[PDB]
Every structure is written in C-alpha cells, then in structure tokens.
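Structure first, then comments.
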Amino acid sequence: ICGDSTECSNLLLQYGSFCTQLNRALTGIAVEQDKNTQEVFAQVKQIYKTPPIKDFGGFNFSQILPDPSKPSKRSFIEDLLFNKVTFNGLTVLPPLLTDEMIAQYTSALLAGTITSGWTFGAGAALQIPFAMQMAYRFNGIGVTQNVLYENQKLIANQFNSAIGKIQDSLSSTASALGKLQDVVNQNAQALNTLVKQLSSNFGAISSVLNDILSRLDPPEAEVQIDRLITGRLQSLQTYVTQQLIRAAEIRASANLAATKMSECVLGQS
Amino acid sequence: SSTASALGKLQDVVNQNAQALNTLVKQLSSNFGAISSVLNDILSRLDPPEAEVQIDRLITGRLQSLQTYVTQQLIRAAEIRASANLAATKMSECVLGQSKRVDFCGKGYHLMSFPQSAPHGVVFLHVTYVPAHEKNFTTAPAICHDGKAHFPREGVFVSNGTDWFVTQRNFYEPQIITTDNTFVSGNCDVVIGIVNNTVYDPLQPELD
Amino acid sequence: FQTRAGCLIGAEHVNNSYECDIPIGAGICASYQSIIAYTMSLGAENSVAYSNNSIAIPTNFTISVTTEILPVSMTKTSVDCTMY
Ligand SMILES: *[C@@H]1O[C@H](CO)[C@@H](O[C@@H]2O[C@H](CO)[C@@H](O)[C@H](O)[C@H]2NC(C)=O)[C@H](O)[C@H]1NC(C)=O
Ligand SMILES: *[C@@H]1O[C@H](CO)[C@@H](O[C@@H]2O[C@H](CO)[C@@H](O)[C@H](O)[C@H]2NC(C)=O)[C@H](O)[C@H]1NC(C)=O
Ligand SMILES: *[C@@H]1O[C@H](CO)[C@@H](O[C@@H]2O[C@H](CO)[C@@H](O)[C@H](O)[C@H]2NC(C)=O)[C@H](O)[C@H]1NC(C)=O
Ligand SMILES: *[C@@H]1O[C@H](CO)[C@@H](O[C@@H]2O[C@H](CO)[C@@H](O)[C@H](O)[C@H]2NC(C)=O)[C@H](O)[C@H]1NC(C)=O
Ligand SMILES: *[C@@H]1O[C@H](CO)[C@@H](O[C@@H]2O[C@H](CO)[C@@H](O)[C@H](O)[C@H]2NC(C)=O)[C@H](O)[C@H]1NC(C)=O
Ligand SMILES: *[C@@H]1O[C@H](CO)[C@@H](O[C@@H]2O[C@H](CO)[C@@H](O)[C@H](O)[C@H]2NC(C)=O)[C@H](O)[C@H]1NC(C)=O
Ligand SMILES: *[C@@H]1O[C@H](CO)[C@@H](O)[C@H](O)[C@H]1NC(C)=O
C-alpha cells in the first residue's frame with residue numbers, strides 16, 4: 001500500500017488492525033496446504049524397498065518403479081508428467097516436503113502394495129507371491145481363482161499392453177492434465193491482476209505517491225493519499241476473499257484424494 | 001486424564017470464534033480518518049452541517065468491518081457443516097453397523113465403535129483387530145493329485161518343511177487336506193507352481 | 001547456516017537425520033538438544049523378504065482402542081446494527 005513512505009504509513013496507522021487480520025488468513029492457507037500434502041501422501045510408517053530380482057509372475061512394472069540412473073529417482077511416467085506440465089511486497093514460500101520426498105513416499109507405497117498385498121495397511125507387511133494376490137483379488141470380485149491360474153500368461157500380456165498404451169497416450173497427446181494447469185493459471189492470473197491494480201488513479205490526481213508528495217502541500221495531498229489507500233485496501237481484501245474460496249475447494253479435493261488413496265490403493269474397493 | 005492438548009480441534013474452533021469477536025469489538029476505537037472515535041465528542045464540538053461528514057466516515061468504516069466479519073463467519077460455518085456431515089456419516093456407518101471400507105474408522109480391521117459427547121463435538125472410540133507374531137512358510141498355488149489339480153475352497157496351502165496343511169488367511173490354524181475343503185479343475189499341466197502331494201478322503205476309510 | 005529457505009542463525013548443522021518436530025522448510029527442520037538443524041527423515045527403512053514361493057502368516061492378535069474427535073457446531077451469535 002505505502003511502498004516506503006512515512007506519510008502513507010502514518011495515515012494508514014489510523015485504520016486499526018486490518019493487516020494482522022489479513023496475514024492471519026494467508027498463514028492459515030499455507031499451513032492448510034502443508035497439512036493437505038502430509039495427509040495425502042504420508043499414509044505409511046516405514047520405507048519399503050523392492051527386491052533386486054524382479055519376477056512377478058510375468059507382470060512387468062519396469063515403467064513405474066524408480067530408475068536409480070536418473071538423479072531425480074523418479075520413474076518414466078513421473079518424468080513424462082513433470083515435463084508435460086508448464087516482487088512488490090509479495091513472497092512465495094517453498095513447500096515443506098521436497099519432490100524427492102514425495103517420490104520416496106510413492107515408491108514406498110508402490111513397493112509395499114506389490115510385495116505384501118493389502119496386509120501392510122493394517123499391521124506389518126507380510127510377503128505373498130504376486131500371482132496369489134491376483135487370485136485373491138479375483139476371488140474378491142466374485143470370480144473363482146481357477147480362472148486366473150488357467151489364464152496367467154494372457155492376463156500378464158494384456159496388462160503389459162495396457163501399460164504401454166497408456167504411456168504412449170500420455171506421451172503423445174497433450175491437454176490431458178487440464179486440472180493442474182487450470183489451478184496454476186488461476187493463481188498466476190490472480191497475482192497478475194493484484195499487481196496490475198497498483199496503477200489506478202482511484203479518483204486521485206496521480207497513481208504514484210512521489211508525484212503527489214512532490215507537487216502539492218501535505219494538508220491537501222493527504223486527501224489523494226486517502227483515496228489511494230482505500231482503493232488499494234479494497235483490492236487487497238477482494239484478493240484475500242478469492243484466495244479463501246479457492247483454498248476451500250482445494251481442501252475438498254485433497255480430502256477426496258486422501259480417501260481414494262486409503263481405499264483403492266491400500267485395499268480393494 | 002494426564003496428557004493435555006488432546007482436544008486441539010475444539011479448542012481451535014473456540015479460540016477462532018473468540019478472537020473474531022474480540023477484534024470486531026476492538027474495531028470500535030478507530031478514527032477511520034475522522035477527528036475522533038466517539039460520536040458524542042464530534043456532536044458536541046462541531047455544528048452538524050460539518051459533523052455529518054465525520055459521522056459518515058465512522059459509519060462507512062464500521063459497516064465495512066461488519067461486512068468482513070459476516071463473510072468470515074459464513075466461510076467458517078460452511079467448513080463446520082462439512083465436518084458435521086462427515087461426523088453424521090461416521091456415526092451412521094461405524095456405530096450402527098460394521099464398516100468394510102478400509103481405514104474409514106480405525107487403523108486396522110474394524111469391529112465396533114462407541115460415541116461420547118463433547119462440548120461442541122463428538123468423540124468416537126474405535127475397537128480394531130490387529131494381527132501379530134507372524135511366521136514364515138512355503139507355499140504352492142495348487143496340488144496335483146491323480147493327474148488333477150486341487151485348489152482350496154477357502155484358505156491357502158502351507159508347509160512346515162513338509163506335510164502341506166491348509167489354513168485360513170488371517171490366523172495360523174493348520175488342517176489336513178481333504179476333498180471337503182478343496183475343489184478340482186482340469187489336469188495338472190498348465191498351472192505354474194503346482195506341487196505333488198496326496199489328498200485324503202473319508203469315504204474309503206468309512207467303507208471298511 | 002544457508003539453506004533454500006533462507007539464512008539461519010543460532011543453530012548448528014548436523015549430518016544425522018531424525019523425525020521432524022519444528023518444520024523450517026525445503027525439507028529441513030530444527031530441534032533442541034543446544035539447537036540443531038537437520039534434514040528430516042521419512043521413517044525407518046526395511047526391505048521385505050519377497051520370494052515367489054514364500055508367505056508369512058500371523059499366529060496371535062491384539063485388540064486396540066483408538067479415538068477420534070470431530071467438531072459439529074459453533075456458538076450461535078446475533079448482532080444489532082443500530083446499537084453497533
Ligand atoms: C518390461 O518392459 C520394458 C519396456 O517398457 C522392457 O525394456 C525394453 O526391452 C527391449 C528388449 O531388449 C528393449 O529393446 C527396450 O529398449 C527396453 N526398454 C527400455 C525402456 O529399457 C523390459 O525388458 C521388460 N521387462 C522384462 C523382464 O522383459
Ligand atoms: C510339521 O507339523 C506336523 C504337525 O504338527 C508335525 O507332525 C507331527 O509332529 C510331532 C512333533 O514332533 C511328531 O511327534 C509327530 O510324529 C508328527 N506326525 C507325523 C505324522 O509325522 C511335523 O513333525 C512338523 N514338521 C516339522 C519339520 O516341523
Ligand atoms: C521361483 O523362483 C525360483 C528361484 O529360486 C525359480 O527357480 C529357478 O528356475 C530357473 C528356470 O527353471 C532355473 O534356471 C534356476 O536355476 C532356478 N533357481 C534355483 C535356485 O534353482 C523358479 O523357476 C521360480 N518359479 C517357480 C514357479 O518356482
Ligand atoms: C509329480 O509326479 C509326476 C508323475 O507321478 C511326475 O511326472 C514325471 O516327470 C518326469 C520328469 O519331468 C518325467 O520324466 C515323467 O515321464 C513324468 N511322469 C508322468 C507320469 O507324468 C512329475 O514330475 C512330479 N512333479 C514334480 C514337480 O516332479
Ligand atoms: C523369513 O525368511 C527370511 C529369509 O531368510 C528371514 O531373513 C530375513 O530376510 C530379509 C530379506 O533378505 C532380511 O532383510 C532380514 O534381515 C532377514 N532376517 C534376519 C534376522 O537377518 C526372515 O527373518 C524370516 N522371518 C520373517 C518374519 O521374515
Ligand atoms: C498372544 O498374546 C498374548 C498377549 O501378548 C499372550 O498372553 C500372554 O502370555 C504370557 C505368557 O503366557 C503371559 O505372561 C502374559 O501375562 C499374557 N498376557 C495377557 C494379556 O494375558 C498369549 O500367550 C499369546 N498367545 C500366543 C499363542 O502367542
Ligand atoms: C558433517 O557436517 C559438517 C557441517 O555440519 C560438514 O562440514 C561435514 O563435512 C559433515 N561430515 C560428514 C561425514 O557428513
């Protein structure tokens with residue numbers, strides 16, 4: 001609002017506390033973001049690791065497991081996803097969990113569900129050969145385990161073809177990640193309009209404080225200062241309210257994602 | 001009984017409401033650019049044709065503060081309603097019945113739940129079953145006998161080095177293999193992992 | 001100490017890693033011993049003994065009771081304009 005002007009600071013000081021009130025909302029927003037990420041991804045207690053030899057009955061997970069050669073330790077699909085997507089008193093704070101930690105959580109979850117079935121979500125992980133876990137799941141959907149054992153190779157080939165096709169479709173066709181792009185664009189546009197609002201007269205004679213101070217006498221310049229102050233404060237309030245609404249909707253989506261991870265990954269729904 | 005801060009959520013709600021009320025009532029002591037913060041002073045110092053401007057400034061400032069307070073209250077009420085709907089679903093699904101969706105109520109296999117009243121909320125006590133003291137075993141997906149393949153009706157084949165019993169999947173309880181807890185499907189030439197063994201039946205010993 | 005979050009004075013950087021209690025940011029946080037800052041650890045690491053012909057079966061059980069607390073209501077308030 002003031003931009004290093006003592007007169008503006010003194011004039012603004014007589015509006016009481018609107019600013020602690022404003023910052024107390026942004027702080028809550030940031031803490032909520034961190035809690036969202038933590039409650040979505042930190043579903044496990046130990047970091048599981050896949051065995052060096054990989055013979056999962058013919059199923060081929062090589063496209064999803066992490067690749068130690070790459071420094072990021074991300075997988076093929078994660079790299080495709082990451083590549084596919086694109087100072088005036090404002091600060092951006094880094095998230096608590098870096099991307100390597102999130103990748104490590106995903107890798108732990110995925111190795112656990114490959115090796116131990118769904119048992120690792122209740123107590124301690126218990127090993128089980130993968131084909132037997134598939135037989136259990138077939139029994140779960142109302143089909144006898146006979147069918148799986150009598151058709152293992154065909155099922156494995158169909159799974160591998162499906163995973164290859166999904167990789168190819170994600171690699172070639174764009175615009176498949178519209179939601180995250182929309183979120184990013186909305187946030188960037190909000191910041192852009194907030195910073196652009198700084199160049200409006202708001203009924204004053206100029207949009208820069210130095211000209212106001214260096215062209216008139218303070219008893220009459222204070223009027224223009226007041227107009228600028230009230231306009232900028234109004235814009236800030238609108239921005240904060242929009243941020244609160246958007247944060248509420250993101251929290252709803254995060255809760256849904258957490259329930260999906262708990263139910264459809266740690267068990268059979 | 002001993003550990004405190006176990007009820008952080010309700011305390012947070014109460015503190016948020018109290019602080020909002022406190023700042024709303026504290027906002028009454030701001031000039032908002034006028035000459036004073038009390039109406040009687042400006043009334044008893046200036047002639048009304050010029051005091052009406054200061055009165056207008058106070059009016060607009062206080063009205064804006066009230067508007068912001070009401071909007072914040074609406075946001076918080078929406079969030080609380082979401083939480084109340086979640087609590088109602090939990091009380092309907094985990095108290096009036098045994099829930100099957102994993103991790104909805106309790107960290108483990110759900111058994112039952114009990115409600116307790118709280119000053120502005122509810123407390124659920126979830127009773128859950130957790131396995132422990134596991135053991136290693138060797139496994140096979142089917143048993144070839146007389147050229148046919150046998151699969152377990154319900155359970156899994158295990159062996160303590162030998163003797164190949166069947167158990168249930170969540171509690172070690174070995175049992176001999178009989179034609180009553182297994183079923184047959186095809187010949188033992190296509191499955192990958194079958195082992196040779198014998199399957200006993202009671203009709204022949206009952207015959208003699 | 002200089003980190004991706006900024007600059008930290010009054011703490012000693014170590015090479016160990018423990019659980020996080022006072023989150024600082026960019027994957028680091030601090031704790032009291034003096035005050036030490038470190039890289040947070042995501043938890044203990046174990047390698048489950050996978051094999052294509054081996055399983056594990058529990059032999060005993062435990063019964064656990066846990067709590068969860070939910071808010072359901074807030075205080076009902078009303079405001080009169082003209083008085084305010
Ligand atoms: C699992 O699938 C991957 C492909 O996604 C296989 O890796 C390919 O193997 C062929 C055969 O030599 C090579 O020509 C490709 O260059 C490999 N691709 C990559 C990305 O390395 C892999 O062999 C499969 N797993 C098994 C056990 O066969
Ligand atoms: C596997 O378990 C079976 C069932 O308990 C064992 O069979 C009996 O074990 C007892 C205990 O030593 C012996 O006294 C009996 O003679 C066994 N019965 C038969 C028919 O052999 C079996 O010994 C166990 N095997 C191992 C390697 O632990
Ligand atoms: C399960 O894993 C074992 C590894 O212990 C596999 O046994 C190997 O089979 C190949 C091909 O038949 C042989 O070349 C290896 O020498 C075997 N390993 C050992 C240690 O003998 C086995 O094929 C896998 N699958 C099944 C169904 O048992
Ligand atoms: C289970 O028993 C059958 C026969 O009782 C075994 O089948 C024999 O296998 C050997 C080696 O492959 C062949 O030379 C014989 O001709 C087979 N005989 C018959 C009648 O099929 C079978 O190998 C045994 N299972 C295992 C795992 O060894
Ligand atoms: C089950 O069998 C494994 C195989 O020998 C036992 O040994 C463990 O194997 C894993 C994977 O190689 C190692 O990470 C552990 O360190 C091994 N244990 C020990 C004590 O060294 C294992 O102990 C057996 N029991 C269980 C409950 O898994
Ligand atoms: C299952 O676990 C329970 C509890 O850990 C065991 O009961 C304990 O047994 C020991 C030895 O007999 C006693 O000293 C304890 O007092 C018992 N605890 C309780 C709460 O009664 C039980 O023996 C275990 N059963 C098996 C088969 O492992
Ligand atoms: C231990 O940490 C210090 C700085 O805290 C660093 O200079 C030193 O190289 C580290 N040593 C090892 C073995 O990591």
Side-chain angles (χ1 to χ4, degrees), chain A residues 11 13-18 20-21 24-25 28 43 57-58 117-119 121-129 131-132 135-136 139 144-153 222-223 226 229-230 233-234 237 240-241 244-245 247-248 251-252 255 258-259 261-269, chain B residues 16 19-20 23 26-34 37 57 60-61 64-65 67-69 71-72 75-76 78-79 82 86 100-104 106-109 128-136 139-142 149 151-154 156-157 169-170 183-186 190-194:
Chain A
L11 271 182
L13 194 139
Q14 66 193 13
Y15 285 170
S17 76
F18 293 103
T20 77
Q21 179 55 258
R24 214 155 51 219
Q43 294 275 323
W118 60 87
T119 74
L126 317 167
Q127 69 254 33
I128 187 68
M132 296 212 181
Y136 281 16
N139 218 355
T144 58
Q145 52 196 353
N146 188 180
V147 165
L148 177 87
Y149 295 135
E150 293 185 347
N151 295 291
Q152 199 168 340
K153 281 177 185 288
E222 59 86 19
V223 179
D226 184 74
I229 280 175
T230 180
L233 191 147
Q234 180 77 256
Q237 293 253 13
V240 171
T241 310
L244 283 170
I245 311 289
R251 169 161 37 77
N255 284 321
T259 64
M261 171 87 67
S262 168
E263 297 203 15
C264 295
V265 176
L266 306 198
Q268 189 185 27
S269 172
Chain B
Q16 277 171 345
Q19 188 274 331
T23 177
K26 184 178 300 316
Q27 273 282 108
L28 289 174
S29 166
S30 298
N31 291 352
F32 289 103
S37 175
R57 312 267 296 277
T60 180
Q64 200 205 345
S65 88
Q67 281 275 351
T68 63
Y69 167 82
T71 298
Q72 303 281 345
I75 301 294
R76 212 163 290 132
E79 190 277 331
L86 172 65
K100 205 69 55 201
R101 40 197 291 191
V102 54
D103 216 351
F104 188 50
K107 183 72 173 66
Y109 302 137
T128 47
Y129 170 106
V130 174
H133 291 118
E134 54 265 21
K135 291 276 301 304
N136 277 353
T139 312
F151 309 79
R153 272 203 211 282
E154 178 34 77
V156 60
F157 299 122
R169 292 150 188 199
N170 278 299
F183 69 90
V184 190
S185 172
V190 58
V191 189
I192 311 165
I194 62 170

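Lettering of chains follows the sequences in order, A, B, ..., and the numbering in each one begins at 1. The figures here come from the full heavy-atom set of this structure, side chains too, leaving out hydrogens, waters and symmetry mates.
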[X] versus chain B, heavy atoms under 4.5 Å apart: side chain, backbone, both or neither?
| X | result |
| --- | --- |
| A:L233 | side chain |
| A:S269 | neither |
| A:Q127 | side chain |
| A:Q237 | side chain |
| A:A124 | side chain |
| A:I128 | neither |

For the [atom1] atom of [X] and the [atom2] atom of [Y], what is their distance to the nearest 0.5 Å?
| X | Y | atom1 | atom2 | value |
| --- | --- | --- | --- | --- |
| B:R169 | B:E154 | CZ | CD | 4.0 Å |
| A:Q268 | A:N139 | CD | CG | 9.5 Å |
| A:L126 | A:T119 | CG | OG1 | 4.0 Å |

### Message
At a heavy-atom distance under 4.5 Å, which candidate from A:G16, A:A131, A:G267, A:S262 has the highest pair count against chain B?
### Response
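Heavy-atom pair counts peak at A:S262.
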### Query
With chain B, which of A:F18, A:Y136, A:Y149 has the greatest number of heavy-atom pairs at distances under 4.5 Å?
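Looking at each option in turn, the highest pair count goes to A:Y136.
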### Task
For B:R101, enumerate each residue passing the salt bridge (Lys or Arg N to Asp or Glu O under 4.0 Å) test, keeping only those at least two apart in sequence or located in another chain.
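For B:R101 the salt bridge (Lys or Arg N to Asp or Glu O under 4.0 Å) partners, ignoring immediate neighbours, are A:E263, B:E93.
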Give, as side chain, backbone, both or neither, the part of [X] having an atom under 4.5 angstrom from any heavy atom of chain A.
| X | value |
| --- | --- |
| B:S185 | both |
| B:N170 | neither |
| B:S65 | neither |
| B:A34 | neither |

### Query
Taking B:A82, B:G33, B:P131, B:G108 one by one, which has the highest count of heavy-atom pairs under 4.5 Å against chain A?
B:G33
### Message
Keeping A:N255 on the side-chain end and A:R251 on the backbone end, is there a donor-acceptor pair under 3.5 Å?
### Response
yes
### Task
Say whether, by atom type as modelled, one donor and one acceptor occur between the side chain of B:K107 and the main chain of A:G123 under 3.5 angstrom.
no
### Message
Is there a side-chain contact between B:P152 and A:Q145 in this structure, where contact means two heavy atoms from C-beta onward sitting under 4.5 Å apart?
### Response
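B:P152 reaches A:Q145 side chain to side chain.
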### Query
Would you call B:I75 and A:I245 a side-chain contact if the rule is heavy atoms closer than 4.5 Å?
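Result yes, sub-4.5 Å side-chain heavy-atom pair found.
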### Task
Please identify each residue that fulfils ring pair (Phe, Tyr, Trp, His ring centres under 6.0 Å) with B:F183, with sequence neighbours left out.
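Here the qualifying residues are B:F151.
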